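Q: Pasting an experimental structure with its sequence.
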Amino acid sequence: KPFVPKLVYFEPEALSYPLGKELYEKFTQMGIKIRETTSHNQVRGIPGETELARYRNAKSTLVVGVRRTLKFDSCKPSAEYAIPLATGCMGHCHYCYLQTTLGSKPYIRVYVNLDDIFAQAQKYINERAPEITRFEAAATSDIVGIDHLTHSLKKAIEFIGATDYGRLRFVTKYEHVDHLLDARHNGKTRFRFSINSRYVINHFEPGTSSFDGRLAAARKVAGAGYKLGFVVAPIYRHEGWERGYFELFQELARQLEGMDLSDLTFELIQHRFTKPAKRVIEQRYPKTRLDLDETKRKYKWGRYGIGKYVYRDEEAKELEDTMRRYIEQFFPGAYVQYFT
Ligand SMILES: C[C@@]1(Cc2cn([C@H]3C[C@H](O)[C@@H](CO)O3)c(=O)[nH]c2=O)CN([C@H]2C[C@H](O)[C@@H](CO)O2)C(=O)NC1=O
Ligand SMILES: C[Se@@+](CC[C@H](N)C(=O)O)C[C@H]1O[C@@H](n2cnc3c(N)ncnc32)[C@H](O)[C@@H]1O
Ligand code: SF4
């Protein structure tokens with residue numbers, strides 16, 4: 001608060017780039033322990049004796065590296081592509097889906113070759129133009145949370161602003177957004193914040209900024225002319241969820257009083273987990289009250305990836321309809337982009 005790692009690895013190749021040169025100067029000056037790693041894909045010697053210890057310590061470790069895979073993943077329903085600037089998070093959200101996506105790489109990775117990345121993104125925009133091409137910057141990380149250390153997203157925001165047909169979006173649980181307020185976004189960045197019921201935030205979201213912290217930060221960026229949006233995720237059927245999520249939109253609208261919310265968007269994601277995740281979360285978060293009972297769920301078989309448990313179609317529709325009614329009640333004119 002804000003995130004500063006207690007251990008930093010550098011790829012040798014990273015030091016050949018401006019941002020790699022800058023971060024090495026910054027972190028050595030701060031007196032942080034710094035190491036070499038032959039690849040950010042395989043970093044050795046993270047302290048701990050149990051897997052759980054190394055997990056906690058990885059989430060305090062930064063790895064400055066080079067993006068060698070320049071081909072972008074698709075990132076639907078959010079965006080055509082995920083622009084890869086970072087991988088990993090300092091948060092300890094019990095439900096986090098990165099526990100399966102980056103289960104083996106729980107440290108924070110930032111890539112230094114922004115010229116390569118922005119170039120390739122420009123290629124993708126050219127491939128589809130004059131159609132709009134969206135890029136998700138926070139698909140596998142809390143890019144905003146860590147950006148104060150690198151300013152990589154700020155640069156990504158300004159690059160996209162310079163393009164005609166390119167668009168950027170990202171979502172965060174962190175309030176540390178002041179350095180992004182004077183960025184030349186040119187209306188092409190959707191700045192989003194993850195929100196939830198009080199039950200879910202308090203019980204399942206340690207290491208993140210409080211609901212009020214996210215809303216203060218939300219007011220600032222809307223005040224800076226960014227496009228604003230929220231991601232209600234994970235939508236979770238805890239005891240009194242109906243009332244729990246009613247008071248969310250009630251408090252949300254209250255904290256966004258007297259503001260231009262004509263271009264406000266909402267995205268809705270029901271809670272989901274994989275079969276591995278149930279045993280991964282049980283040890284990584286022992287005393288969590290997060291229900292991972294598959295008998296309350298339906299298994300949605302995978303296509304290219306592995307399948308996952310979601311709520312039954314009927315219970316899923318109850319959630320969607322409830323969130324839609326609440327958004328329509330407190331935020332008339334706002335647009336629900338999707339429910340998943
Ligand atoms: C912030 C996200 C980013 C995102 C991630 N992902 C992938 C990458 C990540 O590793 C994986 C997690 O299962 O989900 C995706 O396919 N589409 C996305 O839009 C988060 N998600 C999640 C929800 C679900 O896990 C998956 C598919 O919708 O993406 C989403 O739908 N909307 C977003 O805006
Ligand atoms: C991995 Se999050 C990356 C962006 C940023 N660090 C952030 O937290 O907002 C992407 C979103 O998806 C949700 N989410 C995370 N895990 C799950 C999940 N298992 N099921 C259902 N949803 C899950 C989180 O609440 C986020 O709103
Ligand atoms: S913040 Fe977004 S990413 Fe970091 S843990 Fe909570 S969910 Fe996973």
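A: Perfect, thanks for sending it. Numbers count the residues shown, from 1 in each chain. Ligands and ions are numbered 1, 2, ... in the order given.

Q: For ligand 1, see how far away residue 64 is.
A: Distance, residue 64 to ligand 1, using C-beta to the nearest ligand atom, to the nearest Å: 22 Å. No exception for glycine: its C-beta is placed from N, CA and C like everyone else's.

Q: Make sure that residue is indeed in a strand.
A: Yes. Checked against DSSP: H, G, I helix; E, B strand; the rest coil, residue 64 lies within a strand.

Q: doesn't residue 112 make contact with it?
A: Yes. Contact between residue 64 and residue 112 holds when scored by C-beta atoms under 8 Å: they sit 6.2 Å apart.

Q: Common neighbours of these two, please.
A: Residues within reach of residue 64 and of residue 112 at once, by C-beta atoms under 8 Å, 6 or more residues apart in numbering, are 14, 19-20, 23.

Q: who wins for neighbours among the residues you listed?
A: residue 14 (24 neighbours; other C-beta atoms under 10 Å).

Q: what kind of secondary structure is that one in?
A: Of the three states, residue 14 takes helix under three-state DSSP.

Q: Please list all residues in contact with it.
A: The contact partners of residue 14, by C-beta under 8 Å, 6+ apart, come to 20, 23-24, 64-66, 112.

Q: what do you get for residue 179?
A: By C-beta under 8 Å, 6+ apart, the contact list for residue 179 reads 147-148, 151, 154.

Q: pretty sure residue 98 is touching residue 92, no?
A: No. Residue 98 lies out of contact with residue 92 (C-beta under 8 Å); the separation is 11.0 Å.

Q: For residue 325, give me the backbone phi and psi.
A: Dihedral pair for residue 325: phi -60, psi -40, per degrees, to the nearest 10.

Q: which ones are touching residue 260?
A: Taking C-beta under 8 Å, 6+ apart as the test, what residue 260 contacts is residue 222.

Q: Can you classify it as helix, strand or coil?
A: When classified by three-state DSSP, residue 260 comes out as coil.

Q: Against residue 241, how distant is it?
A: In this view, residue 260 and residue 241 are 30 Å apart by C-beta to C-beta, to the nearest Å.

Q: Over to residue 213?
A: From residue 213 over to residue 241 the distance is 23 Å, taken as C-beta to C-beta.

Q: Ok, residue 329 next?
A: Counting by C-beta to C-beta, the gap from residue 329 to residue 241 is 17 Å.

Q: just checking, residue 134 is part of a strand?
A: Yes. According to three-state DSSP, residue 134 belongs to a strand.

Q: Who is it paired with across the strands?
A: Beta-bridge partners recorded for residue 134 (DSSP bridges): residue 167.

Q: Please name the residues that touch it.
A: Residues near residue 134 by C-beta under 8 Å, 6+ apart: 78-81, 167-169.

Q: And stretch 203-220, how far out from the chain middle?
A: 13 Å (C-alpha atoms, centre = their mean, to the nearest Å).

Q: So which residues make contact with it?
A: Contacts of stretch 203-220 (C-beta under 8 Å, 6+ apart): 1, 59, 90-95, 172-178, 181, 193-196, 198, 201, 228, 230, 236, 251-252, 255-256, 259, 288-290.
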